[PDB]
Structure formats: C-alpha cells, structure tokens
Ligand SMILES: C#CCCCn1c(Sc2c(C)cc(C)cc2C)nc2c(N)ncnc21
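In structure tokens, one chain follows: the form solved without this ligand.
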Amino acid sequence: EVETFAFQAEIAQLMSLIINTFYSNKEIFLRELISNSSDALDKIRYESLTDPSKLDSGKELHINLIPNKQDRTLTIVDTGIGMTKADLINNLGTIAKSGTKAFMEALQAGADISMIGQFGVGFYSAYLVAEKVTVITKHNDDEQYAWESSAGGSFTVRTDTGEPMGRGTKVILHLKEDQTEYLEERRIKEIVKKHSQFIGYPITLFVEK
C-alpha cells in the first residue's frame, strides 16, 4: 500500500533548481547528510539524558557510509532519533517552505548552493548526485517507513517491510550514472576529512568485496 504525495510548490522549485543549475561542487551533499545525521543523533542523545529507555531501541550512536557499486547506491545510516510518518510527509522534519524562501533570496544576493545547510534544507542537496533517493526511518513513537522520490513533483510513503532498523534513518542515494566517484573509497574519505572532521560521532566507511 503506497501513498503518493505532491511536493509543496516551493519544495518542487528547490529540487528543480538543485537538479538543473550548473554547479560543479557537488561533493557537499555528503557533508549536508552527515550533518543531518549528527543533528538527529544529538536529539536522541538529549532525550536519553532524562529517559534512558529512549535507547532501548539501540544504545550505539553512530554514522555508517555504505557504498555499493553493483547497485550504484551510497547509503548513509545513522542511529539518531528517526522520523515519524508525519515528519516524513512534512518535508522530512524540516521547515522547508520558509527555508527555501530564505535560501533562494541568498542565491540571488551572492550565495551559492554550498550554503544550503544554513537554511535547513540540506537534505535536498542529495539530488546533486542522486536520480532517486530512498529514506528508511524508524522513530521510537512510530513504525518503520520508507520515503522515496525521483523528484518530478511527487514522493511516496509506504510501511517498510524490509530489514528492521531499531531506530534511526537510512538515506539511500541511487546515484546518477556520471556521479559514481562517490562510491570510491578514496573519494569518500577525502570528502569526510575535508568537511566532516569535527562531527562528534563515529563515521565508519564500509568496504566492498
């Protein structure tokens, strides 16, 4: 049972700008997604300070980067607070409408796409490199859900029958054909060292057969 939703017009505009603007510095997508994971881990850590049972769904707080060249996917896994179904539908827990408004004003006023994270909509930088994005998520207060979009104005939400996650969020980037450098170990290491050196959680880059 799959529910299909329309993006708000402002978010559809944001994604089309990200997909269509000529902008070579695409590597910042990974910084933005790792930053989102760190924010989600901060949230469940804070909640656990007054209620230790919040970590009954998993005590480890970490970020995993999983490249798969056969599937041409890069997956970013975190054990943060996750998202409810309502969060997913509401622009994956962001204030994307007001954030997009501020971002596009800054772009005409000198800014570039790399500053997207300052406007709270860094998730959508995934479409710099991905033709399709799948988000699997589990929040303590809801069931496991799968969000998916290839842009084009719509996204889907369904209950996830796949591998149970415990708690957190999995962002699966189905990479564009010409963006497979982001599956190479040395390229991922370079980006993480350049942009994510002070993230306060272990980042593990998985290797392949």
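Only residues modelled in both forms are compared. Heads up, when I say rigid core I mean the largest set of C-alphas that superpose within 1.5 Å between the two forms. Don't overthink the numbering: it's just position in the shown sequence, from 1.
Undergrad: On average, are the C-alpha B-factors higher in 61-69 or in 45-53?
TA: Comparing averages over the C-alpha atoms only gives 45-53.
Undergrad: Check the entry's C-alpha temperature factors for 103-111 and 131-139, then say which stretch has the higher mean.
TA: Result of the comparison: 103-111.
Undergrad: Go through 32, 160, 148, 27 one by one and give the residue whose Cα B-factor in the PDB entry is largest.
TA: So the option with the highest C-alpha B-factor is 160.
Undergrad: Highest recorded C-alpha temperature factor, please, choosing from 172, 175, 40, 165.
TA: By C-alpha B-factor in the record, 165 ranks first.
Undergrad: Within this chain, which third does the Cα B-factor at residue 199 fall in: lowest, middle or highest?
TA: It falls in the middle third of the chain.
Undergrad: Relative to the other modelled residues in the chain, which third contains the C-alpha temperature factor of residue 180: lowest, middle or highest?
TA: Tercile = highest for this residue's CA B-factor.
Undergrad: Quick check on the deposited entry: does the C-alpha B-factor of residue 125 sit in the lowest, middle or highest third of its chain?
TA: Its C-alpha B-factor belongs to the lowest third of this chain's values.
Undergrad: Compare the C-alpha B factor of residue 94 with those of the other modelled residues in its chain, then answer lowest, middle or highest third.
TA: For residue 94, the deposited C-alpha B-factor lands in the middle third.
Undergrad: Taking the entry's C-alpha B-factors for this chain, is residue 19 in the lowest, middle or highest third?
TA: Highest third - that is where residue 19 ends up once the chain's C-alpha B-factors are sorted.
Keep in mind the form deposited with this ligand bound is missing from the figure; the text below concerns it.
Undergrad: Quick check on this chain: with this ligand placed from its pose in the bound PDB entry by superposing the site C-alphas, is the site open or blocked (blocked meaning at least 3 ligand atoms within 2.4 Å of backbone or C-beta)?
TA: Blocked: when this ligand is placed as it sits in the bound PDB entry, 3 or more of its atoms come within 2.4 Å of backbone or C-beta atoms.
Undergrad: So in the bound PDB entry, is this ligand close enough to residue 40 to count as touching (4.5 Å, heavy atoms)?
TA: Taking the distances in the bound PDB entry, the answer for residue 40 is yes, it comes within 4.5 Å of this ligand.
Undergrad: Might residue 92 be said to contact this ligand in the bound PDB entry, defining contact as any heavy atom within 4.5 Å?
TA: Answer yes; at least one heavy atom of residue 92 falls within 4.5 Å of this ligand in the bound PDB entry.
Undergrad: Under a 4.5 Å heavy atom criterion, is residue 83 part of the interface with this ligand in the bound PDB entry?
TA: Output for residue 83 is yes: heavy atoms within 4.5 Å of this ligand.
Undergrad: Taking any heavy atom pair closer than or equal to 4.5 Å as contact, tell me whether residue 147 reaches this ligand in the bound PDB entry.
TA: Because a heavy atom of residue 147 falls inside 4.5 Å of this ligand in the bound PDB entry, the answer is yes.
Undergrad: Going by heavy atoms, what in 122-147 lies within 4.5 angstroms of this ligand in the bound PDB entry?
TA: Contacts from 122-147: 123, 124, 135, 147.
Undergrad: What parts move between the shown form and the other one when you lay the two on the core: runs of 3+ residues, each CA off by 2 Å or more?
TA: Three-plus residue run displaced between the shown form and the other one: 90-94, uniquely.
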